[PDB]
Amino acid sequence: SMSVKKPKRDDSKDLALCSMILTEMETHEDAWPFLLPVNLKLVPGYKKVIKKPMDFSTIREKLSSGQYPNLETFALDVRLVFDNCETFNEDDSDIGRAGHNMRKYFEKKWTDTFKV
C-alpha cells in the first residue's frame, strides 16, 4: 500500500527473455498453424467464433514496439493463441495437436525461465 513497498523481482531482462522464448516458439516445427494470423476471409467461422485472434507474428510485433507492459501480458497473448486453437480445432486434428504440443512447450520454458 502507500509507502509500503513489496520487494520486487528484477525485471530488467524480461524483454530479452520473452524475445528468446518467442524465437524458440517461432522455430518449433509445430509452429506453422500459429506463425501468421488466421485468414479471416478464407476460414469460415473464425471471425465470428474467435473474439480475440492472436498469432506469433502479432505477438512479435507487439513485443518489438513496446506494447506489453509486463511479462504477464506477454504470457496472456501466448496462451490466447493456444486457447483460440482449442476453441476452434479438434484435439485429434493436426492443428489441434500442434496447439497442445506448443502450449506444453511454452509453459515449460516459462517456468524454467521465470520461476527460476
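Summary of values
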item	result
Any hit, the range 69-92, residues being part of a loop (DSSP other than H, G, I, E, B), buried (at least 17 other Cβ atoms within 10 Å of the Cβ), within 11 Å of the chain's Cα centre (by Cα) and not hydrophobic (A, V, I, L, M, F, W, C)	no
Residue list for the range 97-112, restricted to those being among the hydroxyl-bearing types (S, T, Y) and buried (at least 16 other Cβ atoms within 10 Å of the Cβ)	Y105
From the options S57, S12, residue that is outside any helix (DSSP H, G or I) and among the hydroxyl-bearing types (S, T, Y)	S12
Residue selected from the range 5-29 under the condition within 14 Å of the chain's Cα centre (by Cα) and of a type in the set (D, E, K, R), by the criterion nearest to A98 (Cα to Cα)	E26
Sole exception among (1) in a helix (DSSP H, G or I); (2) closer than 21 Å to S64 by Cα; (3) not acidic (D, E) for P37, by number	(1)
Residue within the range 33-40 that is under 11 Å from the mean Cα position of the chain (by Cα), touching a residue at least 60 places away in the same chain (Cβ under 8 Å) and over 20 Å from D14 (Cα atoms) present	yes
In the range 42-55, residue surrounded by the fewest Cβ atoms within 10 Å (Cβ to Cβ) [restricted to those that are farther than 17 Å from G99 by Cα and in contact with a helix residue (DSSP H, G or I) (Cβ under 8 Å, 6 or more places away or on another chain)]	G45
Tabulated pairs, the range 100-111, first farther than 13 Å from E72 by Cα and touching a residue at least 40 places away in the same chain (Cβ under 8 Å), second among the aliphatic types (A, V, I, L, M) and surrounded by 14 or more Cβ atoms within 10 Å (Cβ to Cβ), C-beta under 7 angstrom, 6+ apart or interchain	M102/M25; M102/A31; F106/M25; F106/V78; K109/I21
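Every read-out reported here was derived from the displayed coordinates using simple, explicitly stated rules and does not represent laboratory data. In this analysis, Cβ positions are derived from the backbone assuming ideal geometry, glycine residues included, and neighbour counts consider all displayed protein chains.
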